[PDB]
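Okay, so we've got a single protein chain in two different forms coming up as structure tokens, structure 1 first and structure 2 after it.
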Structure 1
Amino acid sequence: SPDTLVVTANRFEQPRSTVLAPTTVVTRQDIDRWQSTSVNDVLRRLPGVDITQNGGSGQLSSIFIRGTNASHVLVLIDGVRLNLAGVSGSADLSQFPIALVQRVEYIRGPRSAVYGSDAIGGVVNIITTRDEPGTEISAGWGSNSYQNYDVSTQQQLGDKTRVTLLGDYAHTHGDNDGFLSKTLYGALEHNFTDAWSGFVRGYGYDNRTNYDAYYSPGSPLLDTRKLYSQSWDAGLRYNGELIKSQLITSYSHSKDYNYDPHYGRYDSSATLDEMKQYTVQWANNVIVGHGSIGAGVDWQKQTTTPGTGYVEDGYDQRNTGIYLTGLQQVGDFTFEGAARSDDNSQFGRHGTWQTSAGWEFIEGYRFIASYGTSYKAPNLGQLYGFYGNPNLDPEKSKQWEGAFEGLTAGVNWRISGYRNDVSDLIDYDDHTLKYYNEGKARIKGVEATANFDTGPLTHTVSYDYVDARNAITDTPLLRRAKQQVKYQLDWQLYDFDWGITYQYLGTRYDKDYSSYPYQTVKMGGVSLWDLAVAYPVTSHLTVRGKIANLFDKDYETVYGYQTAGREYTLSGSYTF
């Protein structure tokens, strides 16, 4: 979807061409055609994304970008670290509501040079604003008792003042009635002048979700989870011809109960993780020659509650970062770089940086080469648990990438290989009951993307091979897929819009949870068709149908956990 705009690379708006690292972009239009009913269901489609889940919607899940650990992808919401990742240290989007997602910018490779901790594999920025005047009413009924009801509007309140609102209700079985998402959202956006502007927002969701728990006679059974999250923010932006600045504060508060319905919620049996993220960002950017220079600051405070994340006491983590961005096109060469210093409450400082140049050696064809370093801070339990060690270092990553992209014969494509040597990986020790920094991984992987037109017929193919390994035992990291093939097929024929979306998931090794001492078993490499259509019954009303898992061809991503089979979704939406 190239030469259309992004903000995720350097924080400010820039043509995707100018971004040397590979970026996929998903739109609200794309999501609607896929009829995706969760955020995982969207990411899963995109190059180098390998997702695991303990069942269906709402259930615990982990993203592995380009072989890296679950904790190695940085997931931002509107360019701020996802609050539901604070406690655990790793990103779980299964609880995050798809109703909110309005665009996805996803830039692979490192970017701690811009964003701070966790940006090792890549960066997934979920954007919850878009500019689409009007108002839309939607619903859907589906397999496993899926029902959805959605309203959403954007209006000029003042013609220099915009309001936006959505409300979403989302229920589905699997548990008992186990996953209930209720989202409300509201934003107000004003233009002081053609270039000065400011916004305020609030959203929140309340989620109930049921799950499979481990049973201990005499002791409560915690198989219900109530999450309440909410998020506020406010900002100024300056959008000038030459200078740009944005100043953005955010607050996020979430309570996560895990309890037993018979015993309470506010009962010692219940666990409760209450987290408050505060963030202040000041980004700035000037145009210099054929490019720009940027310089920002981001401050982050996370406070927790006694008991949260399995830690006795409540902590107050803080991180101040300052970074620099650079861009200059000269001739047919292109040059990005970045550099950041973070100051972390617990571990003091760690600088990070990246650079990359490309070269349009022929017109239309480009070779890009890239190098960068990136890191993951240690997390709450790691530092302050019983297994804790409060003097841990960041996990560190050195990253290397080669690429050739071309435009030939009406076909946009890329072949790329990348090296990724992570170090200091924070690892449990059975013997000492503690965490320590020794630990290492070699990741060599390839990425081929392409996409093209034939007839009234549009394809988005791609291919990944990744081979992740401990750099000591030289053996696979469990649970990754040696390769995936991701393919999309789009025609609107006789006004029927169609979509055939197909994925061969490769082979993956997990632990067999069933016979101690647990061995390994190979999981079948399987193929996964989906079919999707949509019809305008009117210039305001579309009906959308779908079948996921067309061939009922069931299997798993976490050994021992059932994955929804053939499932049908009949949906409708009404715009005006």
Structure 2
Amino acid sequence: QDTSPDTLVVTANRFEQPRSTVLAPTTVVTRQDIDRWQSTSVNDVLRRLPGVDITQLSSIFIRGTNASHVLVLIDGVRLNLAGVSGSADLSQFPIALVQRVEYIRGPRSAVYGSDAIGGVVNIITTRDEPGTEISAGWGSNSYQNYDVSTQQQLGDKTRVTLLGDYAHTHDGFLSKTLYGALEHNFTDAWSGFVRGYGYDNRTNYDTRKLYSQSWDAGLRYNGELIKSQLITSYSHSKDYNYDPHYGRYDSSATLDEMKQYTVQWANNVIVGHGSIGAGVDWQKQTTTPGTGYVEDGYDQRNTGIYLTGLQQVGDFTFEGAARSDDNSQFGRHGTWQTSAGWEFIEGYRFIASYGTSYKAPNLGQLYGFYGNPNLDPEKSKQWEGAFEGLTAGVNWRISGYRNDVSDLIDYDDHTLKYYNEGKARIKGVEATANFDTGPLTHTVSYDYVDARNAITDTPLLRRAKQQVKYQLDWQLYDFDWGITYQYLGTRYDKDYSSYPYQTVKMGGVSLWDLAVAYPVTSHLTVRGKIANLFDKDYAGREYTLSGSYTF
């Protein structure tokens, strides 16, 4: 992954800044990473990153809360995950479109609003890579993938990107995506873009057909000091779930049509040794069940306004954000965060962070099959302290955090319902490092996640307490190898066979993957992967084989 302190991210305050000036822990994944890892799903990308505990249908915890506490953006715009299945729908999003992922841990409601409690994951779909690639893959369980994309300059000012992708995984999960983007520089300072994409996913679990489209248009001003962006988005999905013996109209079939509209205006200016920024946005999500008549459905709206600042004063860096949100269902809620870094000697820094964040129950949690119209907003207070250094070629960081959540919402697989866990306290350690030894590059992370009910002190269920992630990359005789190791430690779950239901500890699981790639020609790269090398049943050993031809 991209581990340079100099790499630019946009996800911390919406505008470009070096990762080294973001005081919260950041991970950047590039399309190169994705391509080398040969990931076939967004989960395969996420599973690799600090704090993320994914077991595959998938149970995901990030820093001790379920994935709904991490806000997912596509190109800076909230991905509608307010459907019946909540954040589980992240797995419907096509890997073909992830060109980069910026992942910043820790609260960021003070910039983005509801849901950014554990972190923010921004799946960026655009990349500067002109030309044409044809890709395809085959693998275990009749896996088939075919992909064409091209990115062409249509004059000095205009760039069009087009992509189509067919993916079929066992009839299992079929997923067809199209994507087009227009990027235009009216002048050197003014730019605009229009991007549209969609996918039709068919899943046999009990048949699901999801048709989704998302359109975004934006204007950007990039001045010497002042930067502004105005973005409007619209996303629409129709989601059919039915028994194929009876079809989509059967009385027990469901159709949920969802829409999300966003208008967002963000500004930033370079001032002193840093920047300040502010922005306002309005967002609305709607859902309508079987009928198509919006009177039959529900909607939630939100208007927020936020302030951000970054300043370097001598060896100190101060960073803050504050936001106030007006939610049509939950009213007004403010959040704020601040961090201070002290580079006490060059290359080494201590960082202390504090922030509040919240999550307002969304349409699915309130009115969907699994929900409850009486859910309260979840509110979080987080403290984190970090030590990072560069030592003898080793880029490292370790932090401790604590997250006190009021009215944390967990989901109970047994009752099939969200429920309010009450007050939860998560205490955690994150360590990361990367370093090279000769031809080997090592990317390592460790997490300890101690999530408890703060009142009774009882561990929260289904969370791995430890996560070890190790990636090993090297190139030898033009073969590029990547070994991935993951350990997800011991978890607690309920044994429902006998009443009273006992809490039982589940074992940790180790999984290994081996990937290799060879540039057959300067245009043709051939890739293979063995996932779950040791065939661990705990979803066993799977192979994949693919090629790309760049024009």
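Think of the rigid core as the biggest set of C-alphas that the two forms share within 1.5 Å after superposition. For numbering, take structure 1's sequence and count from 1.
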{"query": "From 89, 291, 235, 358, residue displaced between structures 1 and 2 - CA threshold 2 Å or more, rigid core", "finding": "89"}
{"query": "Core fit, then residue 494 C-alpha moves 2 Å or more between structures 1 and 2", "finding": "no"}
{"query": "Residue 166: Cα shift of 2 Å or greater between structures 1 and 2 (core-aligned)", "finding": "no"}
{"query": "Threshold 2 Å Cα movement between structures 1 and 2 for residue 510, core superposed", "finding": "yes"}
{"query": "Per-residue C-alpha deviation between structures 1 and 2 [residue 244; rigid core superposition; Å]", "finding": "0.1"}
{"query": "C-alpha positional change at residue 313 between structures 1 and 2 - rigid core reference, Å", "finding": "3.3"}
{"query": "Distance moved by the residue 385 C-alpha between structures 1 and 2 (core-aligned, Å)", "finding": "6.7"}
